[PDB]
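Just the one chain here, laid out as structure tokens, in the form deposited in one PDB entry.
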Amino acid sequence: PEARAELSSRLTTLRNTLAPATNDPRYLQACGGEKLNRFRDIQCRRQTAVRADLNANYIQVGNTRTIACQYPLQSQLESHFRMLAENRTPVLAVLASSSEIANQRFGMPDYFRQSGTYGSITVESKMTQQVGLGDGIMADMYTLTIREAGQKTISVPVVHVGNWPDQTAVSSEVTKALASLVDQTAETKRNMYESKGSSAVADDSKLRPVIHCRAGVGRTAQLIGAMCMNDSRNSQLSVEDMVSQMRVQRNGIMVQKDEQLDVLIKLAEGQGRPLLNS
């Protein structure tokens, strides 16, 4: 009760500090009258921005490097597939469910289960299997081939959690299962780039897991937090440090709901990881 409440106070204060002012120099602004942020108040830390036209950030919490982003707006699809291609994406985790995707009010393009042409990019996907994660939650696996004029064809593994519960929170147990599936798909594809001699492997802003739910601050932060607690080398980090690093690297809302922070506390607890600093 006590330490959790204190953890919330420090994170609320940080959040308030990070709040976006009008045309805030810390946050990426829409250059050119195109809509950049899907939600007016979930903005992109400029400094860690991957591209000027996407609301997406490079995050690194300890040893864990990922890209967290919002679900791309229809107009952002070509830049979004360019980000996935240049990054040589070892795994793309989509945490928005099929019910969310299919509800047109939300305007979330089904870009990875269909084949399409986006400016100069042609993509096609193939479903290869479903993997159970626990409690009936299933990850549907797809191969996304991105082809571009004059450029190489890049294949991106997609882990889609098709039936992520729209109502309840996902347990820490299913979250750890999903973090582990995401690391193993990433490890495998990374070793394929390595055996083919891609320069990609030497460049630390490449081969990063790309993770997004709808806005890229709730579920996204739950999974990234779990992937960090999973890598041994992150031993020294408290929950206070991890959420803090995510917030100053994307925006103040990373780990948006209490239900998401409780999953991070449960996992921490199971490791003897500290919640707070001191």
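Each form is matched to the other, and the largest set of C-alpha atoms that superpose within 1.5 Å is called the rigid core. Numbers for residues come from their place in the sequence shown, where the first is 1. Shifts are known only where both forms have a C-alpha.
Keep in mind the form deposited with a partner chain bound is missing from the figure; the text below concerns it.
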Report summary line: The one option of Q114, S99, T145, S75 with any heavy atom within 4.5 Å of the partner chain in the bound PDB entry is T145
Requested in this report: Could you check which residue among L28, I67, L223, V217 gets a heavy atom within 4.5 Å of the partner chain in the bound PDB entry?
Outcome: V217
Query raised in the report: Quick one: which of 76 to 84, 114 to 122, 89 to 97, 188 to 196 gets within 4.5 Å of the partner chain in the bound PDB entry, going by heavy atoms?
Result: 188 to 196
Report task. Check, residue by residue, if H160, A268 and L275 all come within 4.5 Å of the partner chain in the bound PDB entry, counting heavy atoms only. Result -> no
Query raised in the report: Can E34 be called a contact residue for the partner chain in the bound PDB entry at 4.5 Å between heavy atoms?
Result: no
Query raised in the report: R51 near the partner chain in the bound PDB entry, any heavy atom under 4.5 Å?
Result: no
Query raised in the report: With the cut-off set at 4.5 Å between non-hydrogen atoms, does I154 touch the partner chain in the bound PDB entry?
Result: yes
Query raised in the report: Relative to the superposed core, which single residue of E86, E173, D166, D204 shows a CA shift of 2 Å or more between the shown form and the other one?
Result: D166
Query raised in the report: Segments of at least 3 residues with every CA displaced 2 Å or more between the shown form and the other one, core-aligned, in sequence order?
Result: 165 to 169
